[PDB]
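Peer 1: Sharing a structure, written as structure tokens. Questions coming.
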Amino acid sequence: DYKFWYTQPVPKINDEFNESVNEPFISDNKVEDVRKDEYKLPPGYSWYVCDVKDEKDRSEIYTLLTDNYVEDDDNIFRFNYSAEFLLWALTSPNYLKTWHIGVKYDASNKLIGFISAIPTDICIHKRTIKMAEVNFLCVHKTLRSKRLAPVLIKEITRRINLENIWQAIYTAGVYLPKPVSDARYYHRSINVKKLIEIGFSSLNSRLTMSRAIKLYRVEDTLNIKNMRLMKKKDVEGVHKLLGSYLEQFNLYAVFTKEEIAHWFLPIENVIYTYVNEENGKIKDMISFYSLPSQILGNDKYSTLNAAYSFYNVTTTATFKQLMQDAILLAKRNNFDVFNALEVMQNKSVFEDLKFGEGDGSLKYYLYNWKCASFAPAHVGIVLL
Ligand SMILES: CCCCCCCCCCCCCC(=O)CSCCNC(=O)CCNC(=O)[C@H](O)C(C)(C)COP(=O)(O)OP(=O)(O)OC[C@H]1O[C@@H](n2cnc3c(N)ncnc32)[C@H](O)[C@@H]1OP(=O)(O)O
Ligand SMILES: COc1cccc(COC(=O)c2sc3ccccc3c2OC2CCNCC2)c1
Ligand SMILES: [Cl-]
Ligand SMILES: [Mg+2]
């Protein structure tokens, strides 16, 4: 049963829609009727408006996530998004401070809950809808299974609806009512030895340590020799290349020139974008973001450095060549592992490029939207 989810404008567990259905569950909503009062929290807890632009507020959000955010099923790893990453993720064009919602415990003044949204135009099945992208829902490990999460969700929904937005996109590893797509992740080993010493990867009697190192070795030469860090001048070119590529997919964000500069211009230890320019034209792009995991209870290593495949477009190479280059660029930036979802064209290169299947999948969800579900090849958006 999904006692909370079932009260919400999302599909029931059995709902399945034709490709021709593509619409809200609840249309003709009115901003004027949205509740003005904040949702009621348990006694001794208060809403707090986080200023992601303030170093100190931002560090409180960081601590909460470092200690309490997503772990894998074996709880060896916990996501450790850096402060400077959270600042990029939360301050895209037209972002609203009042969509960055904390909850404090009054007696300690400590942040013990968070939820965020940013505004994004989302094209679902060729209809572009102004939506909210929701992320970084977190409750402190000590406060789990007390029905705080639905209060966080309902408060942000109300804050979102105040801006006349009635749809959202979000992703979770947990299964909820009901995904529009479901994409397994794959991982390409870069620093083999580390990955074995921490348990992520393993050896058979056939595959010895030296043999595993050799298996994953890469040639430090790019397939596209002029692939270079993106610069401000490249923004219009990236806009045209990415914008045109993304139109083939069933689900994707429609990016303005301003969002392209926000989402792609490199920031050390956050976002890496490389371009291939020919006649002042951007004809190829690789991008990936930095998402470390903290390694729980390993005597030797505290952090796994991990590049996450973001948006990759080639017109002068094979997609395999392009991704092979993405892997090398991540190795050049001291990543231990390169992670990708089986979205867009990704899956076609995983065998050849020596990716291993992960343990699970990332589900893609819409709020207050009814449509046909689809295979993840047709997914054209990567969240943070
Ligand atoms: C138009 C605007 C629309 C606005 C909003 C759109 C929707 C946005 C939705 C959010 C999108 C966020 C995307 C995102 O951030 C990326 S997915 C990452 C979520 N964060 C984590 O997993 C961190 C580790 N865990 C936690 O901090 C807690 O376990 C959380 C806070 C997850 C749940 O706290 P708790 O102490 O374990 O649980 P209770 O408080 O007792 O609450 C249980 C109720 O929460 C439902 N639940 C559990 N996990 C969920 C999840 N990941 N999405 C949605 N729902 C989730 C659950 O199914 C149940 O409902 P039910 O009884 O019906 O089954
Ligand atoms: C620490 O636990 C993990 C250990 C190993 C692997 C994972 C992976 O989980 C995910 O959801 C993934 S993979 C991937 C690969 C490329 C691009 C995105 C993602 C992704 O979603 C991201 C976007 C949604 N918000 C969290 C990360 C977890
Ligand atoms: Cl209610
Ligand atoms: Mg709770």
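The chains in the structure tokens are called A, B, ... from first to last as shown; in each chain the residues are counted from 1, and the ligands are counted from 1 in the order shown.
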Using only C-alpha atoms and all ligand atoms, find each protein or nucleic acid residue lying at most 12 Å from ligand 4; present the set as a ChimeraX atom specification.
Peer 2: /A:41-42,103,112-114,137-153
Peer 1: For the selection you just gave me, I'd like the residues written to a file as a compact mmCIF listing (two decimals), in the first residue's frame, keeping N, CA, C and O atoms.
Peer 2:
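part.txt was written with the following content:
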# COMPACT_ATOMS: atom_id res chain seq x y z
N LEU A 41 4.13 20.96 11.18
CA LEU A 41 5.20 20.01 11.52
C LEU A 41 4.99 19.47 12.95
O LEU A 41 4.28 20.07 13.74
N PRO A 42 5.61 18.35 13.31
CA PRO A 42 5.48 17.91 14.71
C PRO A 42 5.94 18.94 15.76
O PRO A 42 6.76 19.80 15.43
N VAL A 103 14.09 22.05 7.68
CA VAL A 103 13.24 21.91 8.85
C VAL A 103 14.29 21.85 9.98
O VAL A 103 15.29 21.15 9.85
N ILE A 112 17.52 19.31 10.32
CA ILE A 112 17.25 17.84 10.42
C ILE A 112 16.39 17.28 9.24
O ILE A 112 16.07 16.06 9.19
N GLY A 113 16.04 18.19 8.31
CA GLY A 113 15.22 17.89 7.09
C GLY A 113 15.45 18.93 6.00
O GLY A 113 15.80 20.10 6.31
N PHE A 114 15.29 18.52 4.73
CA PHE A 114 15.47 19.41 3.59
C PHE A 114 14.65 18.87 2.41
O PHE A 114 14.50 17.65 2.24
N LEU A 137 15.63 15.58 -1.20
CA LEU A 137 14.78 15.24 -0.05
C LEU A 137 15.60 14.45 0.91
O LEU A 137 16.21 13.43 0.55
N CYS A 138 15.66 14.92 2.14
CA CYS A 138 16.40 14.21 3.17
C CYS A 138 15.82 14.41 4.55
O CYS A 138 15.57 15.55 4.95
N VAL A 139 15.66 13.32 5.32
CA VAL A 139 15.37 13.44 6.78
C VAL A 139 16.55 12.77 7.56
O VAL A 139 17.08 11.75 7.12
N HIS A 140 16.93 13.35 8.70
CA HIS A 140 18.03 12.87 9.56
C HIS A 140 17.78 11.41 9.91
O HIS A 140 16.65 11.01 10.13
N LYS A 141 18.82 10.59 9.91
CA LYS A 141 18.69 9.18 10.14
C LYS A 141 17.93 8.91 11.45
O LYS A 141 17.20 7.89 11.58
N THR A 142 18.06 9.82 12.41
CA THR A 142 17.42 9.55 13.71
C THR A 142 15.90 9.76 13.68
O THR A 142 15.23 9.47 14.69
N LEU A 143 15.38 10.31 12.56
CA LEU A 143 13.96 10.75 12.54
C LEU A 143 13.17 10.03 11.47
O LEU A 143 12.12 10.44 11.04
N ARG A 144 13.70 8.91 11.04
CA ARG A 144 13.13 8.16 9.96
C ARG A 144 11.83 7.42 10.31
O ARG A 144 11.62 7.05 11.50
N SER A 145 11.00 7.19 9.30
CA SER A 145 9.69 6.49 9.42
C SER A 145 8.78 7.17 10.42
O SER A 145 8.05 6.51 11.17
N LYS A 146 8.86 8.50 10.49
CA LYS A 146 7.86 9.27 11.25
C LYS A 146 6.94 10.13 10.43
O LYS A 146 6.37 11.06 10.95
N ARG A 147 6.79 9.81 9.15
CA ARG A 147 5.92 10.56 8.23
C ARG A 147 6.28 12.02 8.07
O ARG A 147 5.42 12.84 7.73
N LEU A 148 7.53 12.36 8.31
CA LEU A 148 8.04 13.66 7.93
C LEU A 148 8.14 13.87 6.43
O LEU A 148 7.89 15.00 5.94
N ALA A 149 8.52 12.82 5.68
CA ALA A 149 8.71 13.04 4.23
C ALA A 149 7.48 13.62 3.54
O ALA A 149 7.60 14.58 2.80
N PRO A 150 6.29 13.06 3.79
CA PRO A 150 5.10 13.62 3.10
C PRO A 150 4.82 15.06 3.50
O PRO A 150 4.21 15.82 2.69
N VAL A 151 5.20 15.45 4.70
CA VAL A 151 5.02 16.83 5.04
C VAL A 151 5.97 17.67 4.19
O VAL A 151 5.50 18.70 3.66
N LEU A 152 7.26 17.28 4.08
CA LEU A 152 8.19 17.98 3.17
C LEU A 152 7.64 18.06 1.72
O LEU A 152 7.73 19.10 1.05
N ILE A 153 7.05 16.96 1.25
CA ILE A 153 6.59 16.90 -0.11
C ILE A 153 5.35 17.83 -0.29
O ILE A 153 5.19 18.52 -1.30
Peer 1: Residues at most 10 Å from ligand 3, using only C-alpha atoms and all ligand atoms? Could they come as a list in words?
Peer 2: residues 4, 7, 39, 40, 150, 151, 154 and 155 of chain A
Peer 1: Report the closest atom pair, with its distance in Å rounded to one decimal, for each residue of chain A that has an atom no farther than 8 Å from ligand 2; count only C-alpha atoms and all ligand atoms, sort by chain and then rising residue number, and write it as JSON lines.
Peer 2:
{"residue": "A:70", "atom": "CA", "partner": "ligand 2", "partner_atom_place_in_ligand_line": "1 (C)", "distance": 6.2}
{"residue": "A:71", "atom": "CA", "partner": "ligand 2", "partner_atom_place_in_ligand_line": "1 (C)", "distance": 4.6}
{"residue": "A:72", "atom": "CA", "partner": "ligand 2", "partner_atom_place_in_ligand_line": "2 (O)", "distance": 3.9}
{"residue": "A:73", "atom": "CA", "partner": "ligand 2", "partner_atom_place_in_ligand_line": "2 (O)", "distance": 7.7}
{"residue": "A:75", "atom": "CA", "partner": "ligand 2", "partner_atom_place_in_ligand_line": "1 (C)", "distance": 7.9}
{"residue": "A:76", "atom": "CA", "partner": "ligand 2", "partner_atom_place_in_ligand_line": "1 (C)", "distance": 7.7}
{"residue": "A:77", "atom": "CA", "partner": "ligand 2", "partner_atom_place_in_ligand_line": "1 (C)", "distance": 4.6}
{"residue": "A:78", "atom": "CA", "partner": "ligand 2", "partner_atom_place_in_ligand_line": "1 (C)", "distance": 4.4}
{"residue": "A:79", "atom": "CA", "partner": "ligand 2", "partner_atom_place_in_ligand_line": "1 (C)", "distance": 4.8}
{"residue": "A:135", "atom": "CA", "partner": "ligand 2", "partner_atom_place_in_ligand_line": "25 (N)", "distance": 7.4}
{"residue": "A:171", "atom": "CA", "partner": "ligand 2", "partner_atom_place_in_ligand_line": "24 (C)", "distance": 5.9}
{"residue": "A:172", "atom": "CA", "partner": "ligand 2", "partner_atom_place_in_ligand_line": "11 (O)", "distance": 6.8}
{"residue": "A:173", "atom": "CA", "partner": "ligand 2", "partner_atom_place_in_ligand_line": "11 (O)", "distance": 6.0}
{"residue": "A:184", "atom": "CA", "partner": "ligand 2", "partner_atom_place_in_ligand_line": "13 (S)", "distance": 7.7}
{"residue": "A:185", "atom": "CA", "partner": "ligand 2", "partner_atom_place_in_ligand_line": "13 (S)", "distance": 5.0}
{"residue": "A:186", "atom": "CA", "partner": "ligand 2", "partner_atom_place_in_ligand_line": "15 (C)", "distance": 7.0}
{"residue": "A:187", "atom": "CA", "partner": "ligand 2", "partner_atom_place_in_ligand_line": "6 (C)", "distance": 7.7}
{"residue": "A:291", "atom": "CA", "partner": "ligand 2", "partner_atom_place_in_ligand_line": "27 (C)", "distance": 7.7}
{"residue": "A:293", "atom": "CA", "partner": "ligand 2", "partner_atom_place_in_ligand_line": "1 (C)", "distance": 5.7}
{"residue": "A:294", "atom": "CA", "partner": "ligand 2", "partner_atom_place_in_ligand_line": "1 (C)", "distance": 7.8}
{"residue": "A:307", "atom": "CA", "partner": "ligand 2", "partner_atom_place_in_ligand_line": "16 (C)", "distance": 7.8}
{"residue": "A:308", "atom": "CA", "partner": "ligand 2", "partner_atom_place_in_ligand_line": "16 (C)", "distance": 4.2}
{"residue": "A:309", "atom": "CA", "partner": "ligand 2", "partner_atom_place_in_ligand_line": "16 (C)", "distance": 4.7}
{"residue": "A:310", "atom": "CA", "partner": "ligand 2", "partner_atom_place_in_ligand_line": "17 (C)", "distance": 5.9}
{"residue": "A:338", "atom": "CA", "partner": "ligand 2", "partner_atom_place_in_ligand_line": "15 (C)", "distance": 8.0}
{"residue": "A:339", "atom": "CA", "partner": "ligand 2", "partner_atom_place_in_ligand_line": "15 (C)", "distance": 4.4}
{"residue": "A:340", "atom": "CA", "partner": "ligand 2", "partner_atom_place_in_ligand_line": "16 (C)", "distance": 3.6}
{"residue": "A:341", "atom": "CA", "partner": "ligand 2", "partner_atom_place_in_ligand_line": "15 (C)", "distance": 4.6}
{"residue": "A:358", "atom": "CA", "partner": "ligand 2", "partner_atom_place_in_ligand_line": "6 (C)", "distance": 6.9}
{"residue": "A:359", "atom": "CA", "partner": "ligand 2", "partner_atom_place_in_ligand_line": "5 (C)", "distance": 7.7}
{"residue": "A:360", "atom": "CA", "partner": "ligand 2", "partner_atom_place_in_ligand_line": "8 (C)", "distance": 7.7}
{"residue": "A:361", "atom": "CA", "partner": "ligand 2", "partner_atom_place_in_ligand_line": "11 (O)", "distance": 6.8}
{"residue": "A:362", "atom": "CA", "partner": "ligand 2", "partner_atom_place_in_ligand_line": "11 (O)", "distance": 4.9}
{"residue": "A:382", "atom": "CA", "partner": "ligand 2", "partner_atom_place_in_ligand_line": "18 (C)", "distance": 5.9}
{"residue": "A:383", "atom": "CA", "partner": "ligand 2", "partner_atom_place_in_ligand_line": "23 (C)", "distance": 4.3}
{"residue": "A:384", "atom": "CA", "partner": "ligand 2", "partner_atom_place_in_ligand_line": "23 (C)", "distance": 4.0}
Peer 1: Just to confirm, what's the straight-line distance from CA of residue 343 in chain A to CA of residue 10 in chain A in Å (one decimal)?
Peer 2: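 Pair CA of residue 343 in chain A / CA of residue 10 in chain A returns 22.9 Å.
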Peer 1: Between A:368, A:66, A:321, A:205, which residue has the minimum interatomic distance to ligand 1, considering only C-alpha atoms and all ligand atoms?
Peer 2: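 Under the stated criterion, the closest residue is A:368.
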Peer 1: Rounded to one decimal in Å, what is the spacing between CA of residue 279 in chain A and CA of residue 324 in chain A?
Peer 2: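 Distance reported for this atom pair: 24.1 Å.
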Peer 1: To one decimal place, how far is CA of residue 282 in chain A from CA of residue 350 in chain A in Å?
Peer 2: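 CA of residue 282 in chain A sits 25.5 Å away from CA of residue 350 in chain A.
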Peer 1: Which polymer residues have any atom within 7 Å of an atom of range 191-204 of chain A, counting only C-alpha atoms, with same-chain residues fewer than 6 positions away left out, as a list in words?
Peer 2: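 Selected residues are residues 212, 213, 298, 336 and 337 of chain A.
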Peer 1: Mind dumping the selected residues with N, CA, C and O atoms as an mmCIF file, in the first residue's frame?
Peer 2:
data_model
loop_
_atom_site.group_PDB
_atom_site.id
_atom_site.type_symbol
_atom_site.label_atom_id
_atom_site.label_comp_id
_atom_site.auth_asym_id
_atom_site.auth_seq_id
_atom_site.Cartn_x
_atom_site.Cartn_y
_atom_site.Cartn_z
ATOM 1 N N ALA A 212 43.291 -7.682 -14.032
ATOM 2 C CA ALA A 212 42.250 -6.702 -13.904
ATOM 3 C C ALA A 212 42.769 -5.294 -14.222
ATOM 4 O O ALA A 212 42.128 -4.588 -14.986
ATOM 5 N N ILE A 213 43.908 -4.878 -13.643
ATOM 6 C CA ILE A 213 44.495 -3.584 -14.037
ATOM 7 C C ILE A 213 44.646 -3.492 -15.558
ATOM 8 O O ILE A 213 44.252 -2.497 -16.169
ATOM 9 N N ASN A 298 36.001 1.766 5.798
ATOM 10 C CA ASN A 298 37.161 1.177 5.082
ATOM 11 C C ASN A 298 38.361 1.858 5.716
ATOM 12 O O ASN A 298 38.393 3.092 5.717
ATOM 13 N N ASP A 336 37.813 7.889 -10.134
ATOM 14 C CA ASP A 336 38.054 6.477 -9.938
ATOM 15 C C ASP A 336 37.149 5.617 -10.767
ATOM 16 O O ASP A 336 37.453 4.457 -11.000
ATOM 17 N N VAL A 337 35.995 6.138 -11.137
ATOM 18 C CA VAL A 337 34.976 5.315 -11.791
ATOM 19 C C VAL A 337 34.136 6.287 -12.645
ATOM 20 O O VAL A 337 34.045 7.461 -12.288
#
Peer 1: Which residues, written as a list in words, have at least one atom at most 6 Å from residue 132 in chain A, with only C-alpha atoms counted and residues fewer than 4 positions away on the same chain left out?
Peer 2: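 Close residues of residue 132 in chain A: residues 117, 118, 119, 120 and 168 of chain A.
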Peer 1: Using only C-alpha atoms and all ligand atoms, which of A:249, A:364, A:263, A:289 sits nearest ligand 1?
Peer 2: A:364
Peer 1: From a DSSP calculation on the backbone, collect every residue of range 45-201 of chain A in alpha helix (DSSP H) and output the set as a count of residues only.
Peer 2: 42
Peer 1: Mind checking which residues fall within 12 Å of residue 27 in chain A, counting only C-alpha atoms, ignoring those fewer than 6 positions away in the same chain, and posting them as a VMD selection string?
Peer 2: chain A and resid 9 164 to 167 368 to 370
Peer 1: Would you return as a count of residues only the members of range 46-85 of chain A that DSSP assigns to strand (DSSP E or B) on this structure's backbone?
Peer 2: 8
Peer 1: For ligand 1, which residue out of A:328, A:134, A:222, A:371 is the nearest one, using only C-alpha atoms and all ligand atoms?
Peer 2: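 Counting only C-alpha atoms and all ligand atoms, the residue closest to ligand 1 is A:134.
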Peer 1: Name all residues at most 10 Å from residue 257 in chain A (count only C-alpha atoms; drop same-chain ones fewer than 3 positions away) and give them as a CSV table (one decimal) with N, CA and C atoms, in the first residue's frame.
Peer 2:
chain,number,residue,atom,x,y,z
A,235,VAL,N,28.8,28.8,-25.7
A,235,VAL,CA,27.4,28.6,-25.2
A,235,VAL,C,26.4,28.5,-26.3
A,236,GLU,N,26.4,29.5,-27.3
A,236,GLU,CA,25.4,29.4,-28.4
A,236,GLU,C,25.6,28.1,-29.2
A,237,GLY,N,26.8,27.7,-29.4
A,237,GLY,CA,27.1,26.4,-30.2
A,237,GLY,C,26.6,25.2,-29.5
A,238,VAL,N,26.8,25.1,-28.2
A,238,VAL,CA,26.4,24.0,-27.3
A,238,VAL,C,24.9,24.0,-27.3
A,239,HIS,N,24.2,25.2,-27.2
A,239,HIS,CA,22.8,25.3,-27.3
A,239,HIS,C,22.2,24.7,-28.6
A,240,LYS,N,22.7,25.0,-29.7
A,240,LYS,CA,22.2,24.5,-31.0
A,240,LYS,C,22.4,23.0,-31.0
A,243,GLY,N,20.4,21.2,-28.1
A,243,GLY,CA,19.0,21.5,-28.3
A,243,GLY,C,18.4,20.6,-29.4
A,260,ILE,N,21.9,26.7,-20.6
A,260,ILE,CA,23.1,26.1,-21.2
A,260,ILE,C,24.4,26.7,-20.5
A,261,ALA,N,24.4,28.0,-20.3
A,261,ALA,CA,25.7,28.5,-19.6
A,261,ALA,C,25.8,28.0,-18.2
A,262,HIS,N,24.6,28.0,-17.5
A,262,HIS,CA,24.6,27.5,-16.1
A,262,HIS,C,25.0,26.0,-16.0
Peer 1: Looking at A:290, A:318, A:68, A:63, which one is nearest to ligand 1, with distances taken over only C-alpha atoms and all ligand atoms?
Peer 2: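 Distance minimum relative to ligand 1 lands on A:68.
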Peer 1: Might you pull out every residue within 8 Å of residue 105 in chain A, with only C-alpha atoms counted and same-chain residues fewer than 5 positions away left off, and present them as a list in words?
Peer 2: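 Residues meeting the cut-off are residues 44, 45, 46, 110, 111 and 112 of chain A.
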Peer 1: Keeping only N, CA, C and O atoms, take the residues you just selected and write them out as an mmCIF file, in the first residue's frame.
Peer 2:
data_model
loop_
_atom_site.group_PDB
_atom_site.id
_atom_site.type_symbol
_atom_site.label_atom_id
_atom_site.label_comp_id
_atom_site.auth_asym_id
_atom_site.auth_seq_id
_atom_site.Cartn_x
_atom_site.Cartn_y
_atom_site.Cartn_z
ATOM 1 N N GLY A 44 7.978 21.112 18.240
ATOM 2 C CA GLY A 44 9.392 21.364 18.419
ATOM 3 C C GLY A 44 10.268 21.429 17.182
ATOM 4 O O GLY A 44 11.540 21.484 17.270
ATOM 5 N N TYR A 45 9.604 21.407 16.022
ATOM 6 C CA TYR A 45 10.248 21.504 14.692
ATOM 7 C C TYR A 45 9.671 22.686 13.901
ATOM 8 O O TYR A 45 8.499 23.020 14.062
ATOM 9 N N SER A 46 10.502 23.378 13.145
ATOM 10 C CA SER A 46 10.078 24.585 12.426
ATOM 11 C C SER A 46 10.590 24.599 10.987
ATOM 12 O O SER A 46 11.737 24.142 10.722
ATOM 13 N N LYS A 110 19.357 22.860 14.982
ATOM 14 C CA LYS A 110 20.075 22.007 13.996
ATOM 15 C C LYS A 110 19.149 21.657 12.784
ATOM 16 O O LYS A 110 17.975 21.426 12.927
ATOM 17 N N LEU A 111 19.689 21.676 11.573
ATOM 18 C CA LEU A 111 18.899 21.321 10.378
ATOM 19 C C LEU A 111 18.745 19.829 10.349
ATOM 20 O O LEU A 111 19.728 19.143 10.417
ATOM 21 N N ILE A 112 17.523 19.310 10.321
ATOM 22 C CA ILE A 112 17.247 17.844 10.418
ATOM 23 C C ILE A 112 16.387 17.284 9.245
ATOM 24 O O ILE A 112 16.072 16.055 9.187
#
